[PDB]
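*Asks:* Sharing a structure, written as structure tokens. Questions coming.
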Amino acid sequence: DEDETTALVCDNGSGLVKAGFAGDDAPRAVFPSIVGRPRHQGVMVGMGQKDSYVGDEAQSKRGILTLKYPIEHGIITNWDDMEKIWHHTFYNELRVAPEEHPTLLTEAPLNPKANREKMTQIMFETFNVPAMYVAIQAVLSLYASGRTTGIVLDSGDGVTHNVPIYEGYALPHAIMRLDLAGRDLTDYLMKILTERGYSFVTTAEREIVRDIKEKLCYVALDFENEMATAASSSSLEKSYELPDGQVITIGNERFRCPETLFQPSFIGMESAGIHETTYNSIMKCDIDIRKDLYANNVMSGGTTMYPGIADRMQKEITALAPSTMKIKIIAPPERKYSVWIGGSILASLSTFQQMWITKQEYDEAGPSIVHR
Amino acid sequence: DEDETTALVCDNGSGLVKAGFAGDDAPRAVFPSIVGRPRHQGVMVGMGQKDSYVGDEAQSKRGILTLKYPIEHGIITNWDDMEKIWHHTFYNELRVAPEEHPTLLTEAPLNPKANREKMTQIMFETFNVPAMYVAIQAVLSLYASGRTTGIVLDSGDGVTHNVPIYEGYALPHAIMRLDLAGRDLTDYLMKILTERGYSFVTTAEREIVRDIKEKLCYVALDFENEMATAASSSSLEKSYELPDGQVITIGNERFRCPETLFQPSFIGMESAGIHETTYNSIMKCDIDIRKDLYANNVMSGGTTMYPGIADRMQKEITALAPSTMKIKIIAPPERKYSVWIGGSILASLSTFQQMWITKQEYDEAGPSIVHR
Amino acid sequence: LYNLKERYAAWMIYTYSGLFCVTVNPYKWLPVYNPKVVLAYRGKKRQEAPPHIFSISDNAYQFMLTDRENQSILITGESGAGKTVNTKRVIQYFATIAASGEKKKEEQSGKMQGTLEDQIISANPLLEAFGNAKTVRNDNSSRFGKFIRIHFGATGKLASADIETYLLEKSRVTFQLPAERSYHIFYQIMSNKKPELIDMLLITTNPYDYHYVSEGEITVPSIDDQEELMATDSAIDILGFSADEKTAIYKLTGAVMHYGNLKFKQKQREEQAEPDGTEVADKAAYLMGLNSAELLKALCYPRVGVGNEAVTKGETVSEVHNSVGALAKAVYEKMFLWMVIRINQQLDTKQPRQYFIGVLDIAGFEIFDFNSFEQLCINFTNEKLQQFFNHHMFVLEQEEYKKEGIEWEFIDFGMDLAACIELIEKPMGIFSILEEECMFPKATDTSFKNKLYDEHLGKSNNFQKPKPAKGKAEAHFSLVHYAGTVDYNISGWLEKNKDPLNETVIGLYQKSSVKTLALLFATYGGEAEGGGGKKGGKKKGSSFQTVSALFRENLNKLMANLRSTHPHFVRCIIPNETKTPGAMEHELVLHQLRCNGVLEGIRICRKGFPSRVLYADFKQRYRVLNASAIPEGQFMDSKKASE
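Protein chains in written order, with UniProt numbering: chain G, 3 to 374; chain U, 3 to 374; chain W, 104 to 746.
Now the structure itself:
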């Protein structure tokens with residue numbers, strides 16, 4: 003129990019932090035990855051002067067603060083502001099003292115060696131956690147779907163990745179990163195919806211375009227004769243009621259937004275798209291392992307939640323793969339937390355105890371120890 | 003029964019080990035003759051750190067290990083790695099304890115005296131077998147075809163040999179060795195098939211060229227007007243479906259690969275070929291024994307299995323031999339295990355008991371005893 | 104061997120072997136538990152009286168008040184050694200020699216529910232109905248381990264008790280060997296002494312109607328199921344259970360029987376399981392405060408939650424039958440656990456407590472040609488217990504050489520075993536590798552195996568690859584325990600260790616009309632938050648991640664309680680498999696001796712100065728030698744005397 007209860011799992015994202023206790027089924031804490039700094043001197047009624055704001059209080063009060071994102075494209079870019087988000091996570095969100103809890107953290111696919119050593123330096127030397135561990139994100143997603151070999155298409159708020167994993171070892175030279183994700187996708191909907199003849203003028207109009215994207219957006223299979231369908235004008239249309247009455251209608255654009263993930267050309271991107279990239283990762287891997295990867299395309303991440311994403315991907319890679327092959331696109335329902343759940347499982351596991359980096363290992367080996 | 007059941011027969015090859023119990027009709031165990039050594043530190047899920055891998059686990063996991071072949075051209079070149087393959091054979095493959103089983107082993111044609119003494123030293127002193135015996139391979143092949151005088155063309159994975167045998171004694175000065183066999187032959191097909199406009203790019207493409215060679219390759223008689231036939235383009239062609247759909251076609255090259263065994267010039271070899279070598283062995287033997295050898299060309303080995311090998315050889319040596327002679331090319335169906343079967347017969351035999359080298363003979367005479 | 108044997112053929116069952124108190128199964132009756140003896144052994148050092156258990160048991164008490172330290176008694180032996188018997192007998196001892204509820208003492212429903220001294224006692228006969236059964240060795244074998252804390256007061260009079268259960272034989276509930284039988288309760292109930300019960304539970308009186316409980320034997324001549332039923336019954340009451348609960352217990356114990364009667368069939372053209380009738384389900388459903396349908400659905404169409412949602416999954420016939428069995432067992436267990444808790448609850452008083460005397464009853468290192476998971480858990484327990492002793496002895500020994508002034512230096516005797524223990528309990532050790540892999544959604548026993556090797560093989564000495572032949576059944580890994588080499592088979596471990604349960608069903612339980620049933624499941628319902636999506640860690644929400652994760656936690660909480668204790672050891676022995684008084688197979692007793700610790704205590708003794716006499720035990724026997732001057736010495740200072 004000492005640490006059975008006690009292991010923490012913190013998944014640091016570009017848009018959201020997911021956090022909680024190893025053992026739980028889902029994150030106890032989910033909140034924006036921002037750190038707000040007040041543009042002016044003054045106070046809220048009853049509070050003192052605050053130097054900084056994190057998560058939702060930074061989002062809610064955004065009009066008087068300069069908002070900053072510590073993690074650009076999955077990599078920690080500002081370490082002063084990240085230690086601020088961690089502090090908030092332990093002390094306010096989970097309300098635990100960190101110096102008696104083992105902490106499993108996550109990093110990104112080709113996270114620079116030096117960063118994995120730096121967050122270890124900050125975990126052990128400024129938070130004084132007993133022990134910690136850094137798992138790679140795609141690797142926890144795979145594992146949370148039971149398996150050990152497969153290829154994960156991972157897509158969240160600032161990055162998309164393909165991480166081919168074989169008997170647990172993520173394959174460095176076959177990993178692909180596509181910098182277009184849910185953030186890019188909300189801003190494109192924004193324009194095709196103002197372009198539908200609308201105005202997201204106040205900040206209460208801006209924010210909810212993102213809630214339109216999440217609730218009403220679709221990834222149609224045969225996106226071709228779906229536009230064609232749009233035109234005959236079926237009961238395909240969908241009206242959403244705004245903060246007030248102002249019933250906005252979205253028929254068609256509803257799927258023009260996730261067609262951006264297959265066609266980056268919709269947004270002036272010259273890069274290849276999700277399905278081709280799944281494939282290219284795969285023809286960059288060893289030959290003998292390619293049947294395995296093809297029958298185990300695990301999807302994880304908030305942006306892979308658009309319904310019919312899996313069917314489109316299913317047919318997208320069948321028709322690029324040699325017919326002798328078995329294609330299989332696994333997309334679980336909890337996928338917006340796969341990464342986290344894979345960490346919860348792993349860290350609560352009976353056999354993981356012997357991989358925890360302890361302060362004994364650290365004080366004796368330097369940050370190098372956990373770096374592997 | 004004590005040892006009627008109990009005699010083991012282990013045939014050590016350059017590519018495969020064949021093993022089992024004297025008495026059986028075919029080898030209980032057949033597996034690659036490799037010993038893999040992991041290039042990196044780490045584990046498979048649920049297993050411990052393994053220092054070494056042998057047979058199929060070394061082949062399957064080849065991407066993280068450095069593979070090594072203990073037997074180069076039929077001769078044991080690394081004794082640390084061979085004791086590893088034997089260990090695997092007894093304990094894992096046949097799952098027997100060796101210290102209560104007599105073991106018949108095989109060696110190659112002009113196997114150095116010192117080796118036959120060394121594997122005896124390792125059989126008796128590190129495996130503690132009750133008794134053992136080393137038979138020469140061509141000699142077991144002949145005997146498994148009933149006879150005692152004949153000439154064996156023996157061809158497997160790393161060596162080809164001609165071993166003229168007279169009333170059981172293999173004739174040292176007439177034996178010929180040609181270092182081009184099934185291994186060389188798979189790599190030549192490889193090139194004439196990439197040269198047909200193809201790519202065996204991943205390791206799942208590499209391995210199966212060998213399964214193409216085995217299933218679809220032929221030795222045509224009149225290889226001359228078979229190329230000519232290829233050109234008129236008959237229904238001589240043959241398409242194989244790869245691990246996936248990718249239907250590859252092989253019409254012609256199908257026989258250009260075993261024509262390498264008669265023409266070593268196809269592969270930059272200046273040595274003579276199989277049929278000439280059969281013959282030269284024969285005009286190196288005593289005169290009075292040459293009618294015997296000619297009517298008893300026994301074939302054994304995986305690479306002599308190409309259909310129509312016997313007809314080509316039949317006509318190849320008739321037309322080099324004096325017309326007063328009777329030619330006769332025996333090629334049995336089980337020939338990929340002739341050697342082994344000859345050992346199974348011999349070692350289960352009623353009269354062989356008095357040739358077993360026992361630990362009594364050894365502890366008293368030194369390795370010299372079995373060396374003969 | 105020979106000493107034990109001789110004093111047995113003379114009908115002496117208690118012989119000491121150092122600190123131990125060897126005990127041999129009489130297999131017949133003896134005036135030893137005699138109400139006269141009880142007094143006799145009262146206030147006597149073990150040198151003032153002959154070898155006997157009350158010696159141990161009294162001395163504990165003494166020592167308890169004399170040194171102001173807590174005590175313990177560790178009873179241990181094989182299945183047929185007869186420990187429960189002793190344990191119980193020790194317990195009575197405590198209750199007798201230091202009771203006095205004053206008011207509760209009168210001959211007016213004496214020992215009925217309403218007093219502890221009784222509760223304390225009454226406890227047993229309940230647990231026994233549920234955790235005991237006819238083994239091929241014993242007729243009333245303990246199918247679980249236990250630890251009672253008798254909390255003595257300040258004065259020295261009884262104040263509280265505390266039970267804890269370890270490793271229950273869940274399998275009996277569903278299975279049974281041919282010469283054995285399941286828990287008693289079942290047979291008790293179907294005995295028909297309380298006919299309402301039969302109709303109440305909706306069963307018959309013929310056990311062959313309940314597959315789960317008649318795979319082996321149904322009746323045992325030495326047992327009167329009818330008498331026990333009441334014993335049991337009455338105990339419940341005394342134990343303070345609510346009728347309702349006392350009703351849940353029963354009703355719940357029958358549902359389980361019914362489950363094993365639950366039948367299914369393949370849906371046509373489908374490989375799915377479809378209910379083969381709503382005859383039994385109906386009963387099981389009602390008895391548990393469930394709905395027949397909802398129940399059969401959940402069972403057949405388990406609605407899972409892979410990803411961030413809840414995905415409805417279909418099962419096979421084979422899958423159902425097995426899941427059912429899993430709940431049957433799950434439910435029984437839990438219940439059993441609950442009962443214990445509830446007992447403990449009554450056994451809780453407000454009166455102050457200054458010390459306690461722990462009585463530990465568990466199994467000893469048993470070696471079988473077939474050693475599975477359960478064996479490891481037990482062996483591990485014992486190898487620990489052993490070290491626990493070896494140390495106490497080292498500590499103890501060293502005092503003498505300090506008291507006397509001898510000059511003997513020596514290393515802790517425990518140390519010898521640390522090797523084995525670390526390999527099991529440490530981080531990259533067996534359990535861990537075991538409990539990690541349990542997190543891998545697609546791991547295999549085979550997988551696990553390899554991980555075990557790659558990491559311990561060749562690198563660890565106590566770690567070895569099996570000897571597949573002899574009396575053994577297959578290969579996986581041997582360990583080098585103090586008692587010897589144990590060949591372990593790893594097959595089912597992963598599963599057994601995961602405690603897979605159909606969560607849909609549990610759901611239903613969680614919202615039963617039968618509160619008690621509802622209760623038992625709560626702790627599962629409260630951790631689901633934590634393992635919301637596919638993959639991951641159950642512990643996030645308080646769900647177990649390992650079959651073994653607790654066992655350890657419990658085993659730690661125990662060995663810790665054992666430390667703040669003055670250990671008192673008792674080794675129970677079993678003479679002959681054939682059940683014959685005054686007899687002994689040699690090698691059979693020999694075995695026990697090695698695995699007991701007896702032979703190891705002799706070793707450590709002989710390192711050196713073999714025979715070691717306890718001072719009083721020294722006075723008495725030899726005073727006569729210089730009678731005047733040796734008697735004076737022994738009397739004048741229990742120790743200084745011998746001097």
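Idealized CB from N, CA, C, for every residue including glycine.
#1: Would residue 458 (chain W) pass as a contact of residue 173 (chain W) if the rule is Cβ separation under 8 Å?
#2: Taking all protein chains shown into account, decide if residue 215 (chain U) is buried (16 or more other Cβ within 10 angstroms of its Cβ) or exposed.
#3: Please list, in chain order, the chain W residues whose beta carbon lies closer than 9 Å to that of residue 46 (chain U).
#4: Taking C-beta to C-beta, are residue 704 (chain W) and residue 121 (chain W) nearer than 8 Å?
#5: At a Cβ threshold of 8 Å, is residue 179 (chain U) touching chain G?
#6: Would a check of beta-carbon distances place residue 534 (chain W) closer than 8 Å to chain U?
#7: Pull up the DSSP beta-bridge partners for residue 567 (chain W), would you.
#8: Tell me whether residue 13 (chain G) is buried or exposed, calling it buried when 16 or more other Cβ atoms sit within 10 Å of its Cβ.
#9: So does the stretch 162–173 of chain G actually touch the stretch 199–215 of chain G, counting three or more Cβ pairs closer than 8 Å?
#10: Buried or exposed, going by whether 16 or more other CB atoms sit within 10 Å of the CB of residue 227 (chain W)?
#11: By the three-class DSSP mapping on this structure, what secondary structure does residue 326 (chain W) have?
#12: In chain W, which residues lie less than 7 Å from residue 53 (chain U) when you measure between Cβ atoms?
#13: Quick one: give me the first and last residue of the beta strand (DSSP E) that residue 119 (chain W) is part of.
#14: Can you give the beta carbon distance from residue 150 (chain G) to residue 144 (chain G), rounded, assuming they're within the 8 Å contact cut?
#15: Please state the DSSP three-state secondary structure of residue 392 (chain W).
#16: According to DSSP, simplified to helix, strand and coil, what is residue 139 (chain U)?
#17: Can you give me the start and stop residues for the alpha helix (DSSP H) that residue 119 (chain G) sits inside?
#18: Got a sec: is the Cβ-Cβ distance from residue 255 (chain W) to anything in chain G below 8 Å?
#19: Ends of the beta strand (DSSP E) at residue 373 (chain W)?
#20: In this structure, how does DSSP classify residue 179 (chain U) when only helix, strand and coil are distinguished?
#21: Which of the three DSSP states is assigned to residue 613 (chain W) in this structure?
#22: With residue 372 (chain G) as the anchor, note down where its alpha helix (DSSP H) starts and where it stops.
#23: Which residues in chain G sit within 8 Å of residue 537 (chain W), going by Cβ to Cβ distance?
#24: Contact criterion: CB-CB distance below 8 Å. Does residue 547 (chain W) meet it with respect to chain U?
#25: At what residues does the beta strand (DSSP E) containing residue 163 (chain G) begin and finish?
#26: Compute the distance between the beta-carbons of residue 282 (chain G) and residue 152 (chain G), then report whether it is under 8 Å.
#27: What are the start and end residues of the alpha helix (DSSP H) that includes residue 650 (chain W)?
#28: Does any residue of chain W bring its CB to less than 8 Å from the CB of residue 453 (chain U)?
#29: What residues from the stretch 22–50 of chain U come within 9 Å of chain W, judged by C-beta to C-beta, listed N to C?
#30: Apart from the five residues on each side of it in sequence, which residues of its chain come closer than 8 Å, Cβ to Cβ, to residue 32 (chain G)?
#31: Using a C-beta to C-beta distance shorter than 7 Å, which residues of chain U count as neighbours of residue 292 (chain G)?
#32: Just the chain U side, please: which residues come within less than 7 Å of residue 543 (chain W) by C-beta, in chain order?
#33: Counting only C-beta atoms, is residue 151 (chain G) closer than 8 Å to chain U at any point?
#34: Within 8 Å of any Cβ in chain G, is that where the Cβ of residue 416 (chain W) sits?
#35: Starting from residue 363 (chain U), follow the alpha helix (DSSP H) in both directions and report where the run begins and ends.
#36: So, helix, strand or coil for residue 197 (chain W), using DSSP?
*Replies:* On the basis of the supplied data:
#1: Your numbering for residue 458 (chain W) matches position 355 in the third sequence. Your numbering for residue 173 (chain W) matches position 70 in the third sequence. Cβ distance < 8 Å, so residue 458 (chain W) and residue 173 (chain W) count as in contact.
#2: Position 213 of the second sequence, counted from the start, is the residue given in the question as residue 215 (chain U). The residue is buried, with at least 16 neighbouring Cβ atoms inside 10 Å.
#3: Against the second sequence, residue 46 (chain U) aligns to sequence position 44. By Cβ distance, chain W contributes 550, 553, 554, 557.
#4: For the purposes of this step, residue 704 (chain W) is taken as the residue at position 601 of the third sequence. For the purposes of this step, residue 121 (chain W) is taken as the residue at position 18 of the third sequence. Yes, the Cβ-Cβ distance between residue 704 (chain W) and residue 121 (chain W) is below 8 Å.
#5: The residue you call residue 179 (chain U) lines up with position 177 of the second sequence. By this cut-off, residue 179 (chain U) is not an interface position.
#6: Walking along the third sequence from the start, residue 534 (chain W) turns up at place 431. Not closer than 8 Å to any Cβ of chain U, the Cβ of residue 534 (chain W) fails to qualify, so no.
#7: Reading the third sequence from its first residue, position 464 is the one you call residue 567 (chain W). Paired residue(s): W:581.
#8: By one-based count along the first sequence, residue 13 (chain G) stands at place 11. Buried, because 16 or more other Cβ atoms sit within 10 Å of the Cβ of residue 13 (chain G).
#9: no
#10: Within the third sequence, residue 227 (chain W) is the residue found at index 124, counting from 1. Buried: at least 16 other Cβ atoms inside 10 Å.
#11: Working through the third sequence from its first residue, we reach residue 326 (chain W) at position 223. Coil.
#12: Along the second sequence, read from residue 1 onward, the residue named residue 53 (chain U) stands at position 51. The contacting residues are 561.
#13: Working through the third sequence from its first residue, we reach residue 119 (chain W) at position 16. Counting along the chain, the beta strand (DSSP E) containing residue 119 (chain W) begins and ends at 117–119.
#14: In the first sequence, the residue the question calls residue 150 (chain G) occupies position 148. In the first sequence, the residue the question calls residue 144 (chain G) occupies position 142. Contact holds; Cβ gap of about 7 Å.
#15: One-based indexing of the third sequence puts residue 392 (chain W) at position 289. Of the three classes helix, strand and coil, the one that applies to residue 392 (chain W) here is coil, per DSSP.
#16: Position 137 of the second sequence, counted from the first residue, corresponds to residue 139 (chain U). Helix, per DSSP.
#17: In the first sequence, residue 119 (chain G) corresponds to position 117, counting from 1. Its alpha helix (DSSP H) spans residues 115–124.
#18: Your numbering for residue 255 (chain W) matches position 152 in the third sequence. It does not; no Cβ of chain G falls within 8 Å.
#19: Here residue 373 (chain W) corresponds to residue number 270 of the third sequence, with the count starting at 1. Where residue 373 (chain W) is concerned, there is no enclosing beta strand (DSSP E), given that its DSSP letter is neither H nor E.
#20: Sequence index remark: in the second sequence, residue 179 (chain U) carries index 177 (1-based). Residue state, collapsed to three classes: strand.
#21: Against the third sequence, residue 613 (chain W) aligns to sequence position 510. Helix at residue 613 (chain W).
#22: One-based indexing of the first sequence puts residue 372 (chain G) at position 370. Counting along the chain, the alpha helix (DSSP H) containing residue 372 (chain G) begins and ends at 370–373.
#23: Here residue 537 (chain W) refers to the residue found at position 434 when the third sequence is read from its first residue. Residues of chain G passing the Cβ test: 352, 353.
#24: Residue numbering aside, residue 547 (chain W) sits at position 444 when the third sequence is read from its first letter. With its beta carbon less than 8 Å from one in chain U, residue 547 (chain W) belongs to the interface.
#25: On the first sequence, position 161 is the one that residue 163 (chain G) refers to. Taken as a continuous stretch (DSSP letters only), the beta strand (DSSP E) holding residue 163 (chain G) covers 162–168.
#26: Locating residue 282 (chain G) in the first sequence gives position 280, counting from the first residue. Locating residue 152 (chain G) in the first sequence gives position 150, counting from the first residue. Not in contact: residue 282 (chain G) and residue 152 (chain G) (Cβ atoms no closer than 8 Å).
#27: Indexing the third sequence from 1 puts residue 650 (chain W) at position 547. Note, residue 650 (chain W): premise wrong, no alpha helix (DSSP H); not H, not E.
#28: Any property of residue 453 (chain U) remains undetermined from this structure, which presents chain U solely from 3 to 374.
#29: 44, 45, 46, 47, 48, 49, 50
#30: Here residue 32 (chain G) corresponds to residue number 30 of the first sequence, with the count starting at 1. So the qualifying residues of the chain are 18, 19, 20, 21.
#31: Taking the first sequence and counting its residues from 1, the one referred to as residue 292 (chain G) is at position 290. Those are 204, 206, listed as they occur along chain U.
#32: Against the third sequence, residue 543 (chain W) aligns to sequence position 440. Near residue 543 (chain W) (Cβ distances below 7 Å), the residues of chain U are 47.
#33: Along the first sequence, read from residue 1 onward, the residue named residue 151 (chain G) stands at position 149. No, residue 151 (chain G) lies away from the interface with chain U (no Cβ there is under 8 Å from its Cβ).
#34: Along the third sequence, read from residue 1 onward, the residue named residue 416 (chain W) stands at position 313. No, its Cβ sits nowhere closer than 8 Å to a Cβ of chain G.
#35: If you number the second sequence from 1, residue 363 (chain U) lands on position 361. Where residue 363 (chain U) is concerned, the enclosing alpha helix (DSSP H) stretches over 361–367.
#36: Locating residue 197 (chain W) in the third sequence gives position 94, where the first residue counts as 1. Residue 197 (chain W) falls in the helix class under three-state DSSP.
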